[PDB]
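To keep things clear, I will list the structure first and then write my remarks on it.
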Ligand SMILES: NC(=[NH2+])NCCC[C@H](N)C(=O)O
Ligand code: NA
Ligand code: NA
Ligand code: NA
Ligand SMILES: [Zn+2]
C-alpha cells in the first residue's frame, strides 16, 4: 500500500457539521443511513473524497436529489459538482458477522459493538474519516428486542420506540462535536452495574457499567476506580465530567485495551472484570490504570482532539502521563516510577533501536495502528514529564489551563500544546521541541572531578543520539538532568556556584558541556539522572561501593532501586560472557551482601524492597548488549536467581513468613507486603528442591486469592518443581470455562523454561479454552511465546520462527492488527547473531510473499528487510 507524510497535512476541502445516523442492525446484514450536513470550503472543481472500506453502497443523495456525479474508486467515494452547502445522504450495507478483523462494527460473542480509532468509521459508512473533521452526532438504532434489548451510542437517550415484528429502536444525541474515531455503538444483552457520581460543582452523573450476564459480581472494582478517577481529575487537574451519563461496556473480543468513545467507553473485558480469586493485585492496579486512562481522555483527547494522526502523542503521551500521576497519587509513587522506567528501558529503548523507530510524532506512516506504540505512549509520556519537570507543578497546571482555554472544542497539534505550556510558564521550549521530531534514545556520558584545594566538583556531561533506521541526522536535545550530591555521612551537599544556589535539574542542551559546583566540602557520591529525569541511557563509571552507598543512603527510593540495577547490570554482563565460555556464575560477596542488607533492613518500605529483589526482565537485560544472546541471558537470570536463593536462603525464608497476611485487601500496604513475600517465594523456588516444592504447593492450595495462587503456580513452572504438572492440571480443571483466568495459564505455558515448550504450545492451539478468534487468547499463548520467551523463540534450529510464520499466515487474513502485534519479535533480527538473522530474514521473506499481505505487516516487514 501507500505511505502518508505529516508534512502533506492540509485543511480539508469540505467539512461536516452534523450527521444523523440510522442503523437497521442485524449481524449478517446491517443497513446504515447517514445524513450529513456539509460545507465546501475548497474550490468548486474539487470533489468530496469520502473514505470507505468493504461497503456496499446502496444510494447517494444530495439535498434529496439522487446523485449521478460520483464514482467509487479504491477505498473512496468521490462526489463532484457540489453546492457550497448541502445535505449528503448515504445508505450502505455492512456485515458485522463477517468482521473478523475487529475494526468498525463487529460481533463480540452475541453482542454487537464498535472500534473506530483510528480509521475504523470508514468500515461503517462513507465519511470524512479524519479527526480534524468534528460534527454533532445523532444516532438511531433499530434492532430485535430479544437479541439486542440494550441499544447504546454516545450521549443521551432522546427517543425510544417499539415496532411490529418484535423490534425496537432508540436514539442518542451527543451534544459535543466529535471526530468519527470517537463514535461508538453497542447492542446486546447485559447485566448493568449502576451508580452515580456528583462533580465538585453539583452535576449528578449516572454511571453505567455493562458486562455479560452473570458478571455483575466482578464489576464493582472498575466502578470504584471510575469514581476515583473522576475525583482525582477534579483534585489534581480541576477537570469535571461534562455529560449527564457515563457508560462502559466490557466486551471479550477486542484487539487492544480500551477506547475513550465519548460517554460510551468500550473496554477489553480484561481491564474491567475482577474478583479476589480470579484476578491479581496487578490486575486490580491495571484496571485502575486503564479506567483512569480512558476517563482522562475525556479532556486530553476528546474535549481537545488531534488535528491528524501524526499528532497521536498529543493525546496518548499526555493521557498516559495522567494515568501515571493518578496511580502514583493513590499508590506508591516510587513503585510506579520504578515500573514505568523498567518499561522505558526494557521495551521502548528496544523499539527506538528497531527498524520501526520513529519520533513520538511520526513523519511517515503507512498503516496507523502500527503507531500505537511504546514510543508514542510511554516515551511520549516521559516527554510530557520532562516539560513538567522543567516547569514545575504550578506552571504545568497554568499551561494545561491555557491549552484548554485555547483549544477546547477543536483539534490541535503537539506543537499547539507545547506552545501553550511555554506561553503560560514563560519557560522557553523551542529547543525542547526537538524531542517531538527526533527518534532514538540519547546517550548521556558523565565525567567528574573533585578538586579538594578549591572544594569544587566538576561534571562534564556530553550527549549523542546514534543514527536510526528512520533518520540519518541527529542533534543535541534539551535534556533535563537531575542530580543530588551526597557526602560521606549520607547527607546532601547543597549545590551552589559563586555563592548563589543552583537548581539541581541541569539544562544539558549541548553535545558537550561542563558544570562546576562550589562548596562541595567532601568528595561526593553523585546520584545521576534522578527519577529518570530524561529518557536516556546514562554512561557513568560507577564503582560498586558508590552504588551500594546509594542503596543505603539516597533520599529518593527510585535512586536506591536504580543504583541496585546498575550494580547488577555489571554482573549480568560478566556472566553472559561467562556463560558463552561455558563457565559458571561468578559474583562478588559484596554484591550478595548488598541484597542481604535490603532483606534485613527493618525500615525499608516493603514495596521498594520487593522491586530491588526483582531481577531485571530478560527484555531489560537484553538492552545491555549490542548483540543479544537470548539463551545466555535467560540462563544467566536463572543462575543469578539460584545463587541468591542459596546465599540468602535463611533471610529469604524469614521475610517470606514475616509478611504472611491472613486477610486479603487491595490496599497499598497489603499489596507491598504481598509483592515482597512473593519475591522471596520466587527465590526460594530456585533453592533446595524439597523445601521449594513444599512451600510452593502449600501456597498454591492454601491461597485465598489469585495473587498468591498464581505466584506459586508461576514459581513451580519457572523452577520446574516436581509439583508443577499437578498444579497446572488443577488450574485447568477449575478455570477452563473462564477466558481471562486461562490467559494467565497460557502465559505460563508459553514462558515455561522446559525444553519441550514449543511442542506444548502447538498442542495448546487445540486446548478447550483456546481459540484463534479471540485476540486475548492469541496473545496469552502465541504472543507470550514469541515475545516473552526469547530463549525458545530464538531456539537455534529456527523452530520458533517457523511457528510464528504459520500463525501469522492465519492472522494476516483474519486480524492484521493482532498479526502486527505478534510480528514484532521477528523484526528485531538485527540485534541477534548472523545465523539467527539469516533464519529470521528468511521467515520475514516468506511472510512478505503471502498472497493478500496486509498493510499492517507489509510496513514492518519491508522496514525489517531494508
Ligand atoms: N484499534 C485500536 N485499539 N486502536 C487504539 C485505541 C487505544 C485507545 N485510544 C487508548 O489509548 O487506550
Ligand atoms: Na466540522
Ligand atoms: Na473529573
Ligand atoms: Na503516593
Ligand atoms: Zn489512550
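In PDB author numbering, the protein residues as written are 5 to 870.
Where a beta carbon is used, it is the ideal one built from N, C-alpha and C, also for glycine.
Taking every protein chain shown into account, the CB of residue 791 has 16 or more other CB atoms within 10 angstroms, so this residue is buried. Residue burial is scored here from C-beta neighbours: residue 113 has fewer than 16 other C-beta atoms within 10 angstroms and is therefore classed as exposed. Bridge pairing for residue 467: 448 [DSSP]. Under the DSSP definition of a beta bridge, residue 310 partners with 416. Judged by the Cβ position, residue 23 fails to qualify as a neighbour of ligand 2 at the 7 Å threshold, every heavy atom of the ligand being at least this far.
Membership of residue 251 in the beta strand (DSSP E) is indicated by the continuous run 249–255. Taking each of 356, 123, 384 in turn and checking the Cα distance to residue 436, the smallest one comes out for 384. DSSP places residue 368 in the strand class (E or B) of the three-state scheme. By the CB criterion at 8 Å, residue 643 and residue 689 fall outside the cutoff. The region 451–460 and the region 484–497 do not touch, with fewer than 3 CB-CB distances between them shorter than 8 Å. The three-state reading of DSSP puts residue 222 in coil, since its state is none of H, G, I, E or B. The nearest non-hydrogen atom of ligand 2 is 7 Å or more from the C-beta of residue 731. Restricting attention to 267, 173, 534, 223, the CA atom closest to the CA of residue 210 is found in 267. Cα atoms of residue 411 and residue 308: separation of roughly 6 Å, rounded to the nearest angstrom. Under the three-state reduction of DSSP output, residue 127 falls in the helix class. Across the structure, residue 240 and residue 72 are spaced so that their CA atoms are roughly 55 Å apart. Across the set 691, 741, 664, the C-alpha of 664 shows the shortest separation from the C-alpha of residue 707.
Taking 8 Å as the cut-off, the beta carbon of residue 754 is found closer than this to the beta carbon of residue 788.
Per the DSSP secondary-structure output, residue 178 pairs in a beta bridge with 141. Residue range 160–167 is occupied by the beta strand (DSSP E) that includes residue 162. Rounded to the nearest whole angstrom, the C-alpha separation of residue 23 and residue 38 is 7 Å. As a beta-bridge residue in DSSP terms, residue 111 pairs with 116. In the three-state reduction of the DSSP assignment, residue 157 falls in the strand class, which pools E and B. Taking all protein chains shown into account, residue 751 has 16 or more neighbouring C-beta atoms within 10 Å of its C-beta and is therefore buried.
For residue 543, the enclosing beta strand (DSSP E) starts and ends at 541–543. For residue 65, the enclosing beta strand (DSSP E) has its first and last residue at 60–66.
Put simply, of 74, 125, 777 the residue whose alpha carbon is nearest the alpha carbon of residue 63 is 74. Taking the Cα positions, residue 646 is about 9 Å away from residue 692. With 16 or more other Cβ atoms from the protein chains shown falling within 10 Å of its own Cβ, residue 157 counts as buried. Per DSSP, the continuous alpha helix (DSSP H) segment holding residue 737 begins and ends at 728–739. CA-to-CA, the gap between residue 363 and residue 29 works out to about 41 Å. In the structure shown, residue 476 adopts coil according to DSSP, grouped into three states.
In this chain, the beta strand (DSSP E) harbouring residue 191 covers 189–192. Our two residues, residue 382 and residue 352, have alpha carbons roughly 8 Å apart in a direct line.
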